[PDB]
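Undergrad: Below: one structure in structure tokens.
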Amino acid sequence: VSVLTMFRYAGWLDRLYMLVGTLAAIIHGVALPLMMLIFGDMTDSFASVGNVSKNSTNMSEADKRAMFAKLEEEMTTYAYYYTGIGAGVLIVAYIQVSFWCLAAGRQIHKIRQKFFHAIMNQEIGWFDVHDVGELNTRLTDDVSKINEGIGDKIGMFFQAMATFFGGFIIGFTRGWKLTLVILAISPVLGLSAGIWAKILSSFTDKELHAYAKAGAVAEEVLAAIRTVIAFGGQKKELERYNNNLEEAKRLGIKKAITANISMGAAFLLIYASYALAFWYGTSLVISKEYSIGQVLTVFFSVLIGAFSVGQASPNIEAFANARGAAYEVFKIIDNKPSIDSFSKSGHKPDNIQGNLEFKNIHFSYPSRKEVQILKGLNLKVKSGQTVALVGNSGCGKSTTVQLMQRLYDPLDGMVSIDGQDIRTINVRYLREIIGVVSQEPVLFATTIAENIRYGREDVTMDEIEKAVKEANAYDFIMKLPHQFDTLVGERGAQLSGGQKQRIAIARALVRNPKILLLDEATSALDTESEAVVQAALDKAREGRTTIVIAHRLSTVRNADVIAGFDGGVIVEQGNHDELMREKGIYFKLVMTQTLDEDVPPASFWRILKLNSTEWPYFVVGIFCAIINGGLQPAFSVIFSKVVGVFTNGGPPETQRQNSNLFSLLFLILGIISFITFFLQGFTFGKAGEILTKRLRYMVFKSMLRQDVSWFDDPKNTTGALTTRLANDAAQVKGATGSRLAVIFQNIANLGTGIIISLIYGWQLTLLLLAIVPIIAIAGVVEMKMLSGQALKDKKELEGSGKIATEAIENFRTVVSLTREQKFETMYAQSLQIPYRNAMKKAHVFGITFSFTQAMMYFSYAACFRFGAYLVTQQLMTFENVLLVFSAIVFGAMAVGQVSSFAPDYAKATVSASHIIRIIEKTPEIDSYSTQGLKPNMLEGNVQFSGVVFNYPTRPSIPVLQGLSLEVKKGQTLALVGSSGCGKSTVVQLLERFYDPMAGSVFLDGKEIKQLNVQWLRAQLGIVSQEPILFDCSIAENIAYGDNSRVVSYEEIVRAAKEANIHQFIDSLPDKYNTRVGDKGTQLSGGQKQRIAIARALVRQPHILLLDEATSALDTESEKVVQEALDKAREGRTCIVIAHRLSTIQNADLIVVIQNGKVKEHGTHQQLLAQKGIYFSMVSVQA
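The sequence shown lines up with residues 33 to 626, 684 to 1271 when you count with the authors' numbering.
Here you go:
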């Protein structure tokens, strides 16, 4: 509980300016319902002068002096009330902005500059929790969401709650009557909003699961593309996909209607609250004479407080996120564990070295698979020795190095270095005595001289020069422009891995180190540098007791003693050439050595014309948006007229008046609203009902016709297509509403405001065209100040932030100590650039918010000044001014809508162009009917000539090289090679997603180039390289009418017997019906491959492929697949592209395709008697 207190601590005045900021917000909020109260209470006096001036049948000539004096008095006094409140808000609005930007932002600066220092002064107290890259990624922005955990949202909530509560005090003071009513209706708005959330989840989550089947039946159909295209399941998957695009929208159309009804019910509750408040006010005249209008006006200002608490809700929901983001990471800021390793203080060891002796060491961190990183350690090495530490398997190796100079303190035991114990030493002096290398090729974004000072800061140019001569790295420094002060981009932008690495050796040598620690920094480097790095490290060696840790046995050959550290335990330990006889890790190592969703390219006009295909109907949703637009000004206009016709209606049979006014106020608003919300929901819902199936069908069944590289080398993972079938489609589903919402606000404001401007005394129309464009321009430029500074914040923070991304990865910071405080010293300047942007934007946003507030009271003051005064001097006007106030609110609601539409307008206008790109596609693999029912193709004696071929990423080398082949039925061609060889570059030609780069291929009498896709796959079948078995039942998976085969009991009897899968048709449960569900809930990989043999046997073909996923399944399917295949190919043109060595010894015709070059060639029967070459060129395969 309560920890919202902690986000605003370093001293005392931290809380003081926050409390003054919330007080300024409270009194700023109170000025708004006070202005509405003043504007209401003067409407009663204006109407009271109207009640004299209408009844003075023989006296209005005296009112032309006496009432006129009273009107020029009130014309004068109103200006005092407008001016005093109006000048006051300019200050307190600016103070509320100063609170949000500056009173908060000063805490954010010294919260990040507590956190940064705190991490590199807590060590074990962060290492054992969260994971690499993902931890420090969160810590970029949760210390930004902490600003909303202290944000304006709390001042908005407090000024709303203060106007609501103070509204009930002043409310009860004018009367209990309406006070009780506003208290009672408030929880009904909260309860109905609390119902909206349940009207979502209880059917959104079912609509998601209804479509989720066509999530799988999108991904599996785009992933297993070869299996579903070659077998022709593309025909079944025409409606089997689209079935889910029926059920999910049959749920969705019900939920859309209940959602629009739930929103229309909230608007009906609001308009019912207006009618009830009016009737509870008329029954303060019509009962006992408690009202002269003036008791009711206050309750309009109480409703302004109540609807302001309604605006505080989504701001408090945004804070309910930021609240969590704040205290859930604040664990690692104030009150966090702090230092184990004495990372500050301690007494300096003038011992200058000691004997290296781990004793009873453990370290318990669960490695995400091991218990402990370090499982137990005891070792002893003396001054004047070296030691190699070597291993391969499990964690723990790099843990030992952190303990060996106390960057982490050992949980169990101790480790000696120096003579006073490691739990007594001063950290800085031990960090001088010990030199430390590290594996990462990090130079930081500063000069070579600075990059050496991160070794120790207390350094001359002579110490830099000698260190780069010792490391030998001097030569390439003296070849760089500006030499030691060579300018450097992020992570060493102009230098190779090993060119950074060589300078990291000099960075250790600038300690003049008395002991040396090494950490993999010459294992798998850029090999020019790897040779020079050994030759540089071996000069940092031997002038001290040193460890060695690298894969390169060269560096290990200098060792008097070696230790086998593996998994984080010590095992092997002996002299180096004894360990070469033992066959320890040293000898073992010698024998090992010797997503783009919505992306920017739009295409205008072509987006617009697509709607002629989709909208033969449903455009009536625009008429629904027009009447829904006219509803918004109508509630303001009807209320405004209903009050004025009561206040200068007056007492004479006020029930005949009030009952008729109450009936008008409810009927025109509540009933028309609820009907309009239903009409809008039905039309928008049924437009969604056609579009949700049609748009996904058009795109998904254009991808599932799409030729050339799109399934051969698209570099997308399959889900990177489904992410577009989600996002780009969702932005367009947003625009489908937002472009109607633009018409809605155009009728609400620019249409109805002009019509209402016909029924003013027209001078107020000249005022309205001065106010409404200016307040629209104000919000329309304010949104540019807000978004433009919120964008500028990112470049000012990121330029201030490269120097943090360089270091919130590199936990090695503590290994020099000085560089922690070097970093926080520069961060004090750099994070003050974004705080100087908080100062810049506090000044601007204070002017903007005070101006946007000023235009409100200015418009109200001008409205009454040109609705009384010079107007009443001609003839007594006493109402209609509220219809100008209404039209000013039509401007305000348009600003509160056109701003919100802008990000939808930006996204969806690009999204539609990705939908266009995929619908147009490319022309080569649809269907056609060029060459069906070909009798000469009922053998498949395939002819190839001059064939050169290479898959779309051409640096993979051409796999076919100019080849000519002349095959026959009754013979088995085999591909031979090893890693990656042959497979994909055969299949790409056989489905003809792209033809040769030179040469051509005839299946017989015509090129494959000239065939129709559907009848080509009358012959095609494949052993599915995915063990895929799609949906519903095994009967629905065996056979489909794609081209020229049956779907019947006899074809599935044939295919089940000839595939040997009749094991499960004759014996066992479920059988042809088998309840596979989605992807085969009760079947092995081998049983799924047995149904691949059945899907091929449904051809009864003259050809065969033979492929992978054929000897790693469940053993009984692997033997049964071999028992079928090697008894069912001897009458076909058979082509094995499987690596499985059995098939290669059971073949007829062979080519060894060594990296796409021919190396050996012959009949298998010519080759089979040959071994040595025709053993090794097969047994090297896979």
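From the three backbone atoms N, C-alpha and C, an ideal C-beta is built for every residue, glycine too.
Check for me: the beta strand (DSSP E) holding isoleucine 602 runs from which residue to which?
TA: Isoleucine 602 -> beta strand (DSSP E) spans 601-606.
Undergrad: Terminal residues of the continuous beta strand (DSSP E) containing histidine 1228?
TA: Note, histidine 1228: premise wrong, no beta strand (DSSP E); not H, not E.
Undergrad: In this structure, does DSSP put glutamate 1013 in helix, strand or coil?
TA: Coil, per DSSP.
Undergrad: Using beta-carbon positions only, say whether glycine 445 and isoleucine 393 come within less than 8 Å of one another.
TA: In contact: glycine 445 and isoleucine 393 (Cβ atoms closer than 8 Å).
Undergrad: Is the separation between the beta-carbon of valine 1031 and that of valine 1090 shorter than 8 Å?
TA: Closer than 8 Å, so yes.
Undergrad: Identify the residues that DSSP records as bridge partners of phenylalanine 1033: which are they?
TA: In the DSSP output, where bridge partners are listed per residue, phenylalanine 1033 has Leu1054 and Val1090.
Undergrad: Just checking my contact of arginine 539 with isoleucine 484 at CB under 8 Å: how many whole Å lie between their CB atoms?
TA: Their Cβ separation, rounded to whole angstroms, is 5 Å, which keeps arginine 539 and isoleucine 484 in contact under 8 Å.
Undergrad: Note down the Cα distance separating residue 632 from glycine 596, rounded to an integer number of angstroms.
TA: Coordinates for residue 632 are simply not present: the residues of the chain run from 626 and resume at 684.
Undergrad: Short of 7 Å in beta carbon distance, which residues of its chain neighbour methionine 152, apart from the five on each side in sequence? Order them along the chain.
TA: If we look at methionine 152 and ignore the five residues flanking it on each side, its Cβ neighbours are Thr902, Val903 and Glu909.
Undergrad: From what residue to what residue does the alpha helix (DSSP H) around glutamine 918 run?
TA: Where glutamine 918 is concerned, the enclosing alpha helix (DSSP H) stretches over 907-919.
Undergrad: Applying the 10 Å Cβ sphere with the 16-neighbour rule, what's the burial state of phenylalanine 362?
TA: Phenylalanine 362 should be labelled buried.
Undergrad: Just the C-alpha distance for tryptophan 208 and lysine 320, rounded to the nearest angstrom, thanks.
TA: Their backbone Cα atoms lie some 14 Å apart in a straight line.
Undergrad: Under a three-way DSSP split, which group does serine 1067 fall into?
TA: In this structure, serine 1067 counts as coil in the three-state DSSP scheme.
Undergrad: Ends of the alpha helix (DSSP H) at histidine 241?
TA: Per DSSP, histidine 241 belongs to the alpha helix (DSSP H) from 208-255.
Undergrad: Using only CA atoms, which one of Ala309, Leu475, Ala995 and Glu349 lies nearest to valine 213?
TA: The option with the nearest alpha carbon to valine 213 is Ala309.
Undergrad: Please go through the same chain and pick out, in chain order, the residues whose beta-carbon is closer than 6 Å to the beta-carbon of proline 513, but skip the five residues on each side of it.
TA: Excluding sequence neighbours, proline 513 sits near nothing in its chain.
Undergrad: Count Cβ pairs between the stretch 716-727 and the stretch 273-293 that sit closer than 8 Å; are there 3 or more?
TA: Cβ pair count under 8 Å is below three, so no.
Undergrad: Mind listing, in chain order, the continuous alpha helix (DSSP H) runs of no fewer than 4 residues lying wholly within the stretch 690-755?
TA: Qualifying alpha helix (DSSP H) stretches, in chain order: 695-698, 700-703, 710-736 and 743-755.
Undergrad: Ignore the nearest five residues each way along the sequence and tell me which others in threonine 290's own chain have a CB closer than 6 Å to its CB.
TA: So the list reads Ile231, once near-sequence residues are dropped.
Undergrad: Going by DSSP in three states, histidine 379 sits in which element: helix, strand or coil?
TA: Note: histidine 379 maps to strand in three-state DSSP.
Undergrad: Which partner residues of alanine 420 appear in the DSSP bridge assignment?
TA: Paired residues: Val580 and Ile594.
Undergrad: Would you mind giving the Cβ-Cβ distance between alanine 304 and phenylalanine 755, rounded to the nearest angstrom? I have them listed as a contact below 8 Å.
TA: That belief holds up - the Cβ atoms of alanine 304 and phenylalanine 755 are roughly 7 Å apart, short of 8 Å.
Undergrad: Are the beta-carbon atoms of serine 375 and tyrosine 440 separated by less than 8 Å?
TA: Cβ distance not < 8 Å, so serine 375 and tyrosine 440 don't count as in contact.
Undergrad: How many angstroms separate the CA atom of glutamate 1147 from the CA atom of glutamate 1140?
TA: Answer to the nearest angstrom: the Cα atoms are 11 Å apart.
Undergrad: What residue from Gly739, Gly222 and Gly980 has the CA that sits closest to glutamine 834's CA?
TA: Among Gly739, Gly222 and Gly980, the Cα nearest to that of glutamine 834 is on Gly980.
Undergrad: Please go through the same chain and pick out, in chain order, the residues whose beta-carbon is closer than 7 Å to the beta-carbon of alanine 216, but skip the five residues on each side of it.
TA: If we look at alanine 216 and ignore the five residues flanking it on each side, it has no Cβ neighbours.
Undergrad: Is the beta carbon of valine 1269 sitting closer than 8 Å to the one on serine 1067?
TA: A contact, by the Cβ cut-off of 8 Å.
Undergrad: CA-CA distance, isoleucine 1180 and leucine 1079?
TA: C-alpha separation (whole angstroms): 22 Å.
Undergrad: How would you label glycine 530, buried or exposed, when you count the other beta carbons within 10 angstroms and need 16 or more for buried?
TA: Classification for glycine 530: buried.
Undergrad: Got a sec? Which residues, its chain only, sit under 6 Å from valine 469 by beta carbon, not counting five neighbours each side?
TA: Hits under 6 Å: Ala540, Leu550, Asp551 and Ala553.
Undergrad: Should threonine 108 go down as buried or exposed, given a rule of 16 or more other Cβ atoms within 10 Å for buried?
TA: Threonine 108 is exposed by the Cβ-count criterion.
Undergrad: If you draw a straight line from the alpha carbon of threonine 518 to that of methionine 915, how long is it in whole angstroms?
TA: Rounded to whole angstroms, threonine 518 to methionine 915 spans 20 Å at the Cα level.
Undergrad: Would you identify the three-state DSSP class for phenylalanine 263, choosing helix, strand or coil?
TA: Reduced to three states, the DSSP call for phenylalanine 263 is coil.
Undergrad: Along the chain, where does the beta strand (DSSP E) that runs through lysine 407 open and close?
TA: Residues 406-409.
Undergrad: Going by C-alpha distance, which of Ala350, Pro442, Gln343 and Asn347 is nearest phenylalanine 390?
TA: Of the listed residues, the one whose Cα sits closest to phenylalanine 390 is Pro442.
Undergrad: Which of the three DSSP states, helix, strand or coil, is assigned to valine 469?
TA: The answer is coil: DSSP assigns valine 469 none of H, G, I, E or B.
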